[PDB]
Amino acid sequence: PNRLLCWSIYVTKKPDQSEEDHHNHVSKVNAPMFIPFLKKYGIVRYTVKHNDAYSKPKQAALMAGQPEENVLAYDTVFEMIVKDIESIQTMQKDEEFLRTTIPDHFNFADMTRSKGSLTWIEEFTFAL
């Protein structure tokens, strides 16, 4: 099958880190650090999803009174679209990738409360 894949990391922020510092680090340090590696290994698209002070009032409106347990709690989601998992695997072997990005997790992520996901996707883009 010719199915695009999505490799997603669901990130809980580091304990006692403020929302603002978490998202500033993700947007201004971590995501920029990944871009060169993502390009090099053929990633199709890279998306960072933020659940923060800007989105939370919009979320509250759409949730319209529902209980908080019904809301996915992760602070950031990283999503990499790829055509094959070889791209992810090879980038995960890159020693420069590993030595550069691993020390950074301690600056923004509670990795014990974070999760990974590899799915296949169907996408519909409505722009003409």
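The numbering used is simple: start at 1 and walk along the sequence shown.
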### Query
Looking only at CA atoms, which has the higher mean B factor in the entry: 113 to 121 or 20 to 28?
20 to 28
#### Entry: Given 78 to 86 and 33 to 41, the range whose Cα B-factors average higher in the PDB entry
33 to 41
### Query
Going by what the PDB entry lists, where does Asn51 fall on CA B-factor within its chain: lowest, middle or highest third?
lowest
### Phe108 - Cα temperature factor, lowest/middle/highest third of chain
middle
#### Entry: Relative C-alpha B-factor of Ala60, binned into the chain's lowest, middle or highest third
lowest
